[PDB]
C-alpha cells in the first residue's frame, strides 16, 4: 500500500512525499485509489485541498 | 448375458450359436435386448445384416 | 424554485434529467471536480430561490 | 467553473396566440457561477475569462 | 450507542429507498379515472388530475372532490351499503397502500350517463383521496424517522473533532434526499474507518 | 483421447437439453403492462422511447450486462424510484429496465444455444475422426449415428442407443 501511495503523491498530486506525516492526506490517497480518470491532475489536486481545507478550521 | 446372447441369436435371428466368433454380431445383441417388437423376426435380421455389411468395406 | 415552467439548457438537452443536477458541498468528490469546465451535469446547491 | 446557461422559454399563454406568437421560444442567456466586473483584475487576468 | 443510530440512518434510508423503488404507480385506478374524467364532461356540457402520485395531487383531489360536489349539487336526486362499500375500502387502502382494490360500483342509481359514472368518481376520487394522502403520511413518517436521526448525527459532529466526524456532518446536514443520501451511504467507508477510530 | 470427448458430447448435449427445456416474472408483467400503458418487447422498447439520474442508469446497464452472462441467476434491481410521481414515468422507466433485461436474456439465449450447437458440431468433427480410428465395428456405427448436424430430439434418442459406443471404447482404447 505504500507503493500505491507513492504513485498518487509523486505522479498525480506531484508533491514531495510527506504523506503519513499529515493524516488527512493519509486518508485521501486510498480514496483516490478507487477513483478513475487520473489524467486530470488538477481535478484531484483541487479535490484534495478542499478536503485539507476541511481538516484545519475554527468554525 | 450369454443367455440373452443365446436367446436373440437362436430364437430371433435364427442362427446356430457362433456369436462371439465374430465381433460385429456381438455388439448388436445388447441393442436388440433393449428394443421391443420381437414378433417381427425379420427386421432384427435385416437390421443386423445391414451392420454386418458395413463391417467390411473399401469405400 | 419555479423553474418547472421554464426549459433550461446548458447542452443541447434540457436540464431536466436528475443526473444533470448534482449538489455536493464539503465532501471529497472528483466527479464534482472533473466537471470544472464541463456542462454534462450542472452543479447547484439547494436549487430553490 | 463559469458555465453559462441558455434558457429556452415560451411566453405567458395570454401572449401565446398566433403563428409568430405560438411556436416561439424566447432565449435568455444567463451566466451561472458568474460574477460581475467593475474593472479588470490586473494580476488574475490570466485565470480570468 | 452512536453506531445504533448510524445503522438506523442507513436502515430507514434503505427501507425508504426500497419503497420509492417500489412505488405503486396505479395503472388500473388511473385508467378508470381517465375513462370517467372523459365521460362526465359529456353530460356536463349538455346539462341533462394527472400524476396520481403528485404531492400537489392531494389538493388536486380536494378541489376535484368539490368540483364533483358542485356537480352533484346541480343534480341532487344511493344505497347505504354503497356508501359502506365506498368508505370501508378507503380506510383499508389507507392502511394497505401497496395493494389498492377496485370495486365494480354497486349500481342502484339513475341510468343516465352522469349518475352511473358520477357514482364511479364518487368512489374513484375517494380512493384517490385514500392512496395519495396515506402515501404522504407514511413517507413523512419515514422522513421524520430520518430527520430525528439527523439530530442524532449532528451529535456525531459533537464527538471528538476527527476529520471524518466533520465529513460525517457535511454529508448529513441536509433534509431527506432520495438520490443524495443513497449515493452518500455508499461513500462512507470513511465512517466505518471513523467510528472504529472513534470508539473502538 | 476419445472417451473424454465422448464424455464431453454427453455433457454438452445434456446441458443443451436442460437449457432448451427451460421466464414468467419477465414475460407476464411486460405483456400485462404493455396492454395497459420478445420481438414484441424490442418494438415496445422502441415504443417506450417514444412514450432520471446518472447512477440509476449506471446500475441499469450494469445488471443488463451482468445477467446477460449470468443467464440463470438474474438480479432484480427493483426500481430506484427517484422519478416523478405519475404512474406512467416510473412505469416507463421500470419497463425499459425489463425491456433491456429481456433483450439481454434474448441475446444470451441466442449465444448459449448457438455455442451449444457449435461445440457439439466441433465434437462431431472429432467423432468422425473417431470413425477414422483403426477398424472397429462400432466405429462404423459411431459415424452413422453422428453424421447429422445437431438437433434436439434426434441426438437425445441416439444417446440411449449409443450403448454400443461404450463397449466400443473399452474394446478400442482399454
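Chains as they are written, first to last, in our numbering: chain E, 133 to 191; chain D, 133 to 191; chain P, -9 to 39; chain W, 4 to 52; chain R, 6 to 205; chain B, 46 to 219.
No residue lacks a Cβ here, since even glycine has one placed at the ideal position from N, Cα and C.
Proximal chain B residues relative to residue i, where beta-carbon distance stays under 7 Å
i                      : result
residue 156 of chain D : 182
residue -7 of chain P  : What residue -7 of chain P touches in chain B: nothing, since even the nearest Cβ is about 15 Å away.
Contact set between residue i and chain D, taken where Cβ atoms lie within less than 7 Å
i                      : result
residue 185 of chain B : 186 and 187
residue 212 of chain B : 159
Residue i at chain B interface by Cβ criterion, 8 Å
i                      : result
residue 57 of chain R  : yes
residue 42 of chain P  : Because chain P spans -9 through 39 in this model, residue 42 of chain P falls outside it and cannot be assessed.
residue 35 of chain R  : yes
residue 188 of chain R : yes
residue 20 of chain R  : no
residue 26 of chain R  : yes
residue 123 of chain R : no
residue 16 of chain R  : no
residue 126 of chain R : no
Residue i at chain P interface by Cβ criterion, 8 Å
i                      : result
residue 176 of chain R : yes
residue 184 of chain R : yes
residue 127 of chain B : yes
residue 53 of chain W  : Beyond the ends of chain W as shown, which are 4 and 52, falls residue 53 of chain W; an answer cannot be given.
Chain-ordered neighbours of residue i on chain R, where CB pairs are closer than 7 Å
i                     : result
residue 40 of chain P : Outside the shown range of chain P, which is -9 to 39, sits residue 40 of chain P, and nothing can be said about it.
Chain W contact for residue i (CB, 8 Å cutoff)
i                     : result
residue -3 of chain P : yes
residue 36 of chain P : no
Neighbour flag for residue i against chain R, beta carbons, 8 Å
i                      : result
residue 102 of chain P : Nothing about residue 102 of chain P can be read from this structure; chain P reaches only from -9 to 39.
residue 15 of chain P  : yes
residue 121 of chain B : no
residue 88 of chain B  : no
residue 82 of chain B  : yes
Cβ of residue i within 8 Å of any chain E Cβ
i                     : result
residue 20 of chain P : yes
Chain D contact for residue i (CB, 8 Å cutoff)
i                      : result
residue 94 of chain B  : no
residue 219 of chain B : no
Listed by chain order, chain P residues near residue i by CB distance under 7 Å
i                     : result
residue 99 of chain B : 9
Chain E residues whose Cβ lies nearer than 9 Å to that of residue i
i                      : result
residue 195 of chain R : 159 and 163
First and last residue of the uninterrupted alpha helix (DSSP H) at residue i
i                      : result
residue 38 of chain R  : 32 to 51
residue 21 of chain R  : 7 to 26
residue 123 of chain R : 118 to 129
residue 33 of chain W  : That residue, residue 33 of chain W, is in no alpha helix (DSSP H); its beta strand (DSSP E) goes 29 to 34.
residue 169 of chain R : 168 to 175
residue 138 of chain E : 134 to 139
residue 155 of chain E : 155 to 165
residue 25 of chain W  : Where residue 25 of chain W is concerned, there is no enclosing alpha helix (DSSP H), given that its DSSP letter is neither H nor E.
residue 21 of chain P  : 20 to 23
Residue span of the beta strand (DSSP E) that contains residue i, given as start and end
i                     : result
residue 68 of chain R : Taken as a continuous stretch (DSSP letters only), residue 68 of chain R belongs to no beta strand (DSSP E), being part of the alpha helix (DSSP H) at 62 to 79.
residue 7 of chain W  : 7 to 12
residue -2 of chain P : -3 to -1
8 Å Cβ cut-off: residues of chain B touching residue i
i                     : result
residue 62 of chain R : 130
residue 31 of chain R : 132
Neighbouring residues, chain B, relative to residue i (Cβ below 9 Å)
i                     : result
residue 23 of chain R : 123 and 126
Quiz item: Can we say the segment 18 to 26 of chain P touches the segment 174 to 184 of chain E, given the rule of at least three CB pairs closer than 8 Å?
Solution: yes
Quiz item: Is the segment 108 to 120 of chain B touching the segment 77 to 89 of chain B in the sense that three or more CB pairs, one from each, lie closer than 8 Å?
Solution: no
Exercise. Could you list the residues in the segment 154 to 185 of chain E with a C-beta less than 7 Å from some C-beta on chain P, going in chain order?
Key: 160, 163, 167, 169, 172, 175, 176, 178, 179 and 183
Quiz item: Which of the residues in the segment 142 to 162 of chain B, read from start to end, lie with their CB under 9 Å from any CB of chain P?
Solution: none
Quiz item: Taking one C-beta from the segment 156 to 174 of chain R and one from the segment 193 to 201 of chain R each time, how about it: are there three or more such pairs within less than 8 Å?
Solution: yes
Practice problem: Please name the residues in the segment 12 to 42 of chain W whose beta-carbon is closer than 9 Å to at least one beta-carbon of chain P, in chain order. | Solution: 12, 13, 28, 31, 35 and 36
Self-check item: Cβ contact (3+ pairs, closer than 8 Å) linking the segment 26 to 39 of chain R and the segment 52 to 60 of chain R
Solution: yes
Quiz prompt | the segment 13 to 29 of chain W / the segment 2 to 17 of chain P touching (three or more Cβ pairs under 8 Å) | solution = no
Quiz item: Does the segment 176 to 190 of chain R come close enough to the segment 178 to 191 of chain B that 3 or more CB-CB pairs lie under 8 Å?
Solution: no
Quiz item: Can we say the segment 47 to 61 of chain B touches the segment 121 to 138 of chain B, given the rule of at least three CB pairs closer than 8 Å?
Solution: no
Quiz item: Quick one: any contact between the segment 179 to 187 of chain E and the segment 139 to 158 of chain D, if contact means 3 or more CB pairs under 8 Å?
Solution: no
Quiz item: Can we say the segment 133 to 145 of chain B touches the segment 93 to 107 of chain B, given the rule of at least three CB pairs closer than 8 Å?
Solution: yes
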